[PDB]
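Data first, discussion second: the structure below is written as structure tokens.
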Amino acid sequence: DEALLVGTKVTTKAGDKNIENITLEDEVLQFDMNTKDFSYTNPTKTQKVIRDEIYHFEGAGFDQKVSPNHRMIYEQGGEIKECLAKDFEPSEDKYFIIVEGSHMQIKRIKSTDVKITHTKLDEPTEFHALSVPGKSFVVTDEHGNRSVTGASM
């Protein structure tokens with residue numbers, strides 16, 4: 001429902017762990033939406049759901065494959081905002097959050113540089129979700145790029 005495609009890697013203190021393998025005992029790199037600070041915290045819940053539609057955001061080192069009602073996290077003005085994937089409308093003033101290198105350096109890319117595909121999948125597949133106190137956490141795509149994505153509330 002508010003989930004990420006199976007095999008999405010979640011950045012933890014130890015490395016980049018397949019989301020379907022995350023437990024409540026893992027130390028996940030969260031991003032606090034109120035403070036913009038990075039920290040490792042335990043997820044308070046994990047979710048497994050099977051769906052057949054996906055929103056694929058792709059551009060400029062940003063790649064997320066999410067459920068329709070997954071919370072997308074972006075910066076606008078000086079504030080960190082959320083929007084459901086199916087509702088997100090790119091604009092020059094809304095920026096997705098990339099985390100570059102080993103020092104957790106924030107790079108903000110224009111959402112208008114990110115293509116959005118809404119796909120009906122040929123067959124159902126598993127999507128997974130985490131809840132963390134900061135309400136967002138860092139995922140790593142197939143090309144080693146890290147970005148901030150919404151947690152389930």
Side-chain angles (χ1 to χ4, degrees), residues 1-13 16-20 22 24 26-100 104-119 121 125-143 145-153:
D1 185 13
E2 204 158 72
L4 303 163
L5 184 62
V6 62
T8 294
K9 284 177 189 297
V10 169
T11 299
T12 81
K13 198 189 165 174
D16 294 329
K17 192 171 202 176
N18 301 328
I19 187 160
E20 62 263 25
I22 292 287
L24 309 176
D26 282 307
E27 302 179 276
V28 173
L29 186 58
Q30 72 156 36
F31 180 74
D32 184 282
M33 288 174 75
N34 298 326
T35 68
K36 291 177 167 182
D37 291 338
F38 285 99
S39 56
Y40 302 95
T41 56
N42 301 284
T44 61
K45 57 166 71 68
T46 65
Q47 107 167 205
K48 191 200 303 166
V49 82
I50 290 137
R51 320 311 273 186
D52 69 352
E53 66 184 315
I54 202 161
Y55 279 81
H56 181 205
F57 294 80
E58 187 175 17
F62 188 79
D63 197 297
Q64 297 191 1
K65 298 182 190 84
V66 311
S67 303
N69 300 316
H70 182 71
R71 291 166 63 252
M72 299 304 288
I73 301 297
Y74 60 96
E75 190 178 353
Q76 181 183 26
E79 297 205 50
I80 303 297
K81 309 274 193 86
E82 52 176 289
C83 186
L84 301 192
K86 68 185 193 204
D87 295 320
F88 185 82
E89 298 291 21
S91 54
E92 296 194 321
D93 77 327
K94 288 178 212 159
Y95 300 84
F96 290 122
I97 308 169
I98 297 168
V99 192
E100 48 179 2
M104 309 305 162
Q105 181 88 17
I106 303 182
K107 176 157 99 179
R108 297 132 180 109
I109 55 148
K110 283 174 76 187
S111 53
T112 51
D113 287 352
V114 178
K115 179 174 73 190
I116 311 171
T117 308
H118 186 197
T119 301
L121 293 171
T125 194
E126 19 186 295
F127 297 70
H128 298 263
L130 312 176
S131 305
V132 285
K135 302 185 293 290
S136 81
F137 58 85
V138 180
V139 291
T140 314
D141 67 26
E142 299 99 27
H143 300 135
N145 305 123
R146 300 191 177 77
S147 60
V148 173
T149 200
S152 35
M153 281 301 289

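Residue indices begin at 1 and follow the sequence shown.
The closest side-chain heavy-atom distance from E100 to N145 is not below 4.5 Å. Side-chain contact between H128 and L4: absent, with no pair of heavy atoms (C-beta onward) separated by less than 4.5 Å. Looking at heavy atoms from C-beta onward, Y40 lies out of side-chain contact with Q30 at the 4.5 angstrom threshold. Using a 4.5 Å cut-off on side-chain heavy atoms (C-beta onward), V132 and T44 make no contact. Side-chain atoms of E75 and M33, non-hydrogen and from C-beta on, never get closer than 4.5 Å to each other.
Minimum heavy-atom separation, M104 to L29: SD-CD2, 3.5 Å. In plain terms, the two heavy atoms of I80 and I97 that are nearest each other are CD1-CD1, 3.7 Å. The shortest heavy-atom contact between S131 and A151 is CA-CB, 4.1 Å. Of all the heavy atoms in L5 and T8, the pair that sits closest is O-OG1, 2.8 Å. In this structure, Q47 and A3 approach most closely via the heavy-atom pair OE1-CB, 3.7 Å. In this structure, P133 and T41 approach most closely via the heavy-atom pair CD-OG1, 4.0 Å.
Remark: the backbone N or O of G150 is not paired with any side-chain donor or acceptor of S136 at under 3.5 angstrom. Checked by atom type and distance alone, the side chain of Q64 pairs as donor or acceptor with a backbone atom of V148 at under 3.5 Å. A distance-only check finds a donor-acceptor pair linking the side chain of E20 to the backbone of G7 [under 3.5 Å]. Distance alone, capped at 3.5 Å, places no donor-acceptor pair between the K135 side chain and the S152 backbone.
In this structure, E126 does not pair ionically with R51, as no charged nitrogen and carboxylate oxygen lie closer than 4.0 Å. With salt bridges taken as basic N to acidic carboxylate O contacts below 4.0 Å, one links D16 and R146. Ionic pairing of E53 and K86 is not present here: no N-O contact between side-chain nitrogen and carboxylate oxygen is shorter than 4.0 angstrom.
Enclosure of atom NZ in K48 is not indicated, since only 12 or fewer non-hydrogen atoms of other residues, nucleotides or ligands lie within 6.0 angstrom.
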For a side chain to side chain contact (heavy atoms under 4.5 Å, CB included) check, start with the C-alpha distance between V28 and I22, then their side-chain angles and the critical distance, and finish with the verdict.
CA-CA 9 Å; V28 173; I22 292 287; 4.2 Å; yes

Steps toward side chain to side chain donor-acceptor pair (under 3.5 Å) verdict (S67, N69)
CA-CA 6 Å; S67 303; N69 300 316; over 6 Å; no

Test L84 against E2 for side chain to side chain contact (heavy atoms under 4.5 Å, CB included), laying out the working first.
CA-CA 8 Å; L84 301 192; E2 204 158 72; 4.0 Å; yes

Before you tell me yes or no, could you show the steps for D93 and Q76 under side chain to side chain contact (heavy atoms under 4.5 Å, CB included), namely the whole-Å CA-CA distance, both residues' side-chain angles and the distance that decides it to 0.1 Å?
CA-CA 6 Å; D93 77 327; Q76 181 183 26; 2.7 Å; yes

Does the ring pair (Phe, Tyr, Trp, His ring centres under 6.0 Å) test come out yes or no for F137 and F31, once each step is laid out?
CA-CA 5 Å; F137 58 85; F31 180 74; over 10 Å; no

Worked check of side chain to side chain contact (heavy atoms under 4.5 Å, CB included) between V10 and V138
CA-CA 6 Å; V10 169; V138 180; over 6 Å; no

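Each of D141, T140, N18 was compared with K9 under the side chain to side chain donor-acceptor pair (under 3.5 Å) criterion, and only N18 meets it. Each of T11, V99, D32 was scored for a side-chain contact (heavy atoms from CB on, under 4.5 Å) with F38, with one residue passing: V99.
Of the inter-residue distances, the one linking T117 atom OG1 with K65 atom NZ reads 10.5 Å to the nearest 0.5 angstrom. For the atom pair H118 NE2 and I116 CD1, the distance stands at 11.5 Å (nearest 0.5 Å). Taking OG1 of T112 as the start and CD of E92 as the end, the distance is 5.0 Å to the nearest 0.5 Å. With rounding to the nearest 0.5 angstrom, the CG atom of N42 is 11.5 Å from the CG atom of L130. For the atom pair SG (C83) and NZ (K94), the distance works out to 6.5 Å, reported to the nearest 0.5 Å. Here CZ of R108 is found 14.0 Å from CZ of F62. Values are rounded to the nearest 0.5 Å.
Under the ring pair (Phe, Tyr, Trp, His ring centres under 6.0 Å) criterion, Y95 pairs with no residue at all, not counting sequence neighbours.
Side chains of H70 and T149: a donor on one and an acceptor on the other come within 3.5 Å.
Under the 6.0 Å cut-off for aromatic ring centres, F88 and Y74 qualify, their centroids lying closer than that.
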